[PDB]
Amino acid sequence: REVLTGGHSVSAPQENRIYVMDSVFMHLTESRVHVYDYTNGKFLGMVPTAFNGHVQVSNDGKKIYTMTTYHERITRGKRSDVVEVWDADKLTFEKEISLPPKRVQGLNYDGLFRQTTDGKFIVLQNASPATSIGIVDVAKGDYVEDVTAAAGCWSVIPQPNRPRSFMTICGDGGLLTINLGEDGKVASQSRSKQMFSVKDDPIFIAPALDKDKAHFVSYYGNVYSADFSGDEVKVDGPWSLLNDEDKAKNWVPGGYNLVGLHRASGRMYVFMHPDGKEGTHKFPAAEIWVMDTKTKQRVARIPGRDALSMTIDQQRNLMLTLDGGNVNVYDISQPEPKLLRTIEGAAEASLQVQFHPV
């Protein structure tokens, strides 16, 4: 009469989908990705990611990649660090790629688990606790390169204008650029001049990423830029997010994945709070500021709804914000963002949301 079936695909089209990475910190061995339709808040499905999973969607939109850690008996027994490849429409497991047992275990900053712009390599952060960048060749299904040159650096910023190049932020206040060969090994590298003072004006690692440049905000509300239109990265800054009135209430940035760039307009979005002082760099947003990176001026400010992380969709002119449990959807087609809806209870403990690529 009725019969329960499986083998089904996600009901909503890929263009409607977002991915909320739920760390489930209270039960961190059962982290997962929740898939939602941003147009109506419908829950579409999920992918389990064991202990402290990280997630990204393949640049071609066909697959979901996760990174996680298993042990034979969870809290004892042999460790297995892996990347998994899952089908994006079926939400089923396809392949496991073994990693060395030093993949980063940490909060879900975008830059810990990325891909080259051509989609041919997964690029991830290792910490043993010595740092290096790991390269996974997607076509081969293997780990292919420890980038030991990145020792003392942190996080991966892919260059959207080259197929197999990325940058990392180093302890000298500069950027190291790595250009991979077609075999996923380092072909060439370069190190920028010092961009920021590590001691005096530390930057948040989250980039506001353009096609050929990246902007970074600092603990004290300054902005730094790395231009990679050429082979050598040119760095600049600081310019201040703050006017005189802002300085009077001690406005500073705070959050995790706390900035975004709308590439067509050059507008940078930043989570901000007043009464800044030592130790407030991860505070929830009192406001979202919208900065014109060309004129170096603020063009809008709106209430932040306690958001901690965001992400931007270029084509649909959207910004998502996330306060740890709830996702807000904003229309950013004009300088002043407009709140469209809130998806309540999208996660228990998430600091990362991402769009399906379109």
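For every residue, the number given is its place in the sequence shown, counted from 1.
Chemist: Can you tell me whether 177-185 has a higher mean C-alpha B factor than 113-121 in this record, or the other way round?
Modeler: Per the PDB entry, the higher value belongs to 177-185.
Chemist: Averaging the C-alpha B factors as listed in the entry, name the stretch that ends up higher: 47-55 or 327-335.
Modeler: The deposited B-factors put 327-335 ahead on the C-alpha mean.
Chemist: Considering only 160, 152, 254, 134, which residue's Cα atom bears the greatest B-factor as recorded?
Modeler: When the deposited C-alpha B-factors of 160, 152, 254, 134 are compared, 152 is largest.
Chemist: Among 218, 126, 194, 165, single out the one with the highest C-alpha B factor in the record, please.
Modeler: Among 218, 126, 194, 165, the highest C-alpha B-factor in the entry belongs to 194.
Chemist: Should residue 30 be placed in the lowest, middle or highest third of its chain by the C-alpha B factor in the entry?
Modeler: Lowest third - that is where residue 30 ends up once the chain's C-alpha B-factors are sorted.
Chemist: Test of reading the entry: by CA B factor among the chain's modelled residues, which third contains residue 143?
Modeler: It falls in the middle third of the chain.
Chemist: Report the third (lowest, middle or highest) to which the CA temperature factor of residue 299 belongs, ranking only the modelled residues of the same chain.
Modeler: Top third by C-alpha B-factor.
Chemist: Please place residue 229 in the lowest, middle or highest third of its chain by C-alpha B factor as given in the entry.
Modeler: Highest third of the chain for residue 229's C-alpha B-factor.
Chemist: So where's residue 86 on the chain's Cα temperature factor ranking, which third?
Modeler: It belongs to the lowest third of the chain when residues are ordered by C-alpha B-factor.
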